[PDB]
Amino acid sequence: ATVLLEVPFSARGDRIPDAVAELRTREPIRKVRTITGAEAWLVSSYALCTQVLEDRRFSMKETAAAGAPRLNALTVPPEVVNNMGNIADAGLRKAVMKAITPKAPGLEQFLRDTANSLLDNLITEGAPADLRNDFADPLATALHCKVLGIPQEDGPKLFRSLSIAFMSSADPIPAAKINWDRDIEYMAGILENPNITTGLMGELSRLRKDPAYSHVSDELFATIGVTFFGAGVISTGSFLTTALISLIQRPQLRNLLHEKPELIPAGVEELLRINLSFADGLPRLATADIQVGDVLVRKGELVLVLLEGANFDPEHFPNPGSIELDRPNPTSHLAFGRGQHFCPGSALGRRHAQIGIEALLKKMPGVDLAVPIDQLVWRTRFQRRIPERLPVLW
């Protein structure tokens, strides 16, 4: 006798487990057990993942309901799960979207200058260099401080809450509340600070005193700051780190992108498609009885949308494990989700990776792992798959 198949399958972000394709072919919708002991429906084909993400009756908001089957414990107050919904209801969607665009004056130049400075520092110190701790993560942090309009010196401390804030835990985390309350207080102080007049916090600070937003709570304004910093920094830092691994393991692609940097945007779209950065399926709670393939999902049940299931589906992306720069459907992947909850920072996430990669190939064209790939230490019980250190030589 064996127990029900458990999720996640592996914390390794450098290879996709053989189990994914086997599930996708035989049972693209099947029952699994999460770390909390709850049962869930794991969805692994492109067709079914898109069906679930395009149907609002599979609710993100309802995953926070008391007594619901859970993928993991909340690291934020339950109302924060409905973050975008709260921003939309406050009439703040357009303002937040405009503040997080990579097209702001001098922002891409700031990204290039920051990427170049970080790399020059690594070259001066000499090999081995750690590309996560000393390149990808400081670059993500520096970008988000600039986008938020907060001092660059405040970035490292806000960053330090992240190894706990984005844990995928079976039980509540006391440290997550300590850090959350402290970071909310920091953001409340930013709103009241007269020096903060640019970026997202500068804009929220002015909307806060505008009569058309007088009834929006100060709780929501601080929340926007903490959530966009956290989600953006963890997502861009983790994606860039694992995209660099995908690139290092493909010297032919690395040489082509160095020779023809105009192909970098098409390269990043493929790096996004094959990315294993999300450690768990995206969770949704059924608010009705809905047919998904061969299964009638019952109201109150948890559904997990496996992004790599969709992104490595041979029926949508032929030869899925291969990076191909001339696919007819390049942006049709689910790396940024789909539907109601499509990533609001997708444009900024793309630009961060494109600039980071462009600067790396120019400064370190001979970049290679300084350790056998099996020596990378993969972070466990976390919302992202990331190596603790990324040792390289050049």
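The first residue of the sequence shown is number 1, and the count goes up from there.
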* **Higher-scoring stretch by recorded Cα B factor average, 271-279 or 212-220** => 212-220
* Name the higher of the two by mean Cα B-factor in the PDB entry, 163-171 versus 250-258. => 250-258
* Structure fact -> Looking only at 138, 91, 232, 225, the Cα with the top B-factor belongs to 91
* Between 185, 324, 313, 301, which one tops the list for C-alpha B-factor in the PDB entry? -> 324
* Classify residue 365 as lowest, middle or highest third according to the C-alpha B-factor given in the PDB entry, relative to its own chain. => highest
* By its CA B factor, does residue 33 count among the lowest, middle or highest third of the modelled residues in the chain? -> lowest
* Split the chain's modelled residues into thirds by Cα B-factor; is residue 54 in the lowest, middle or highest one? -> middle
* To do: Sort the modelled residues of this chain by their C-alpha B factor and say whether residue 74 lands in the lowest, middle or highest third.
  => middle
* Structure fact -> The third of the chain into which the C-alpha temperature factor of residue 193 falls is the highest
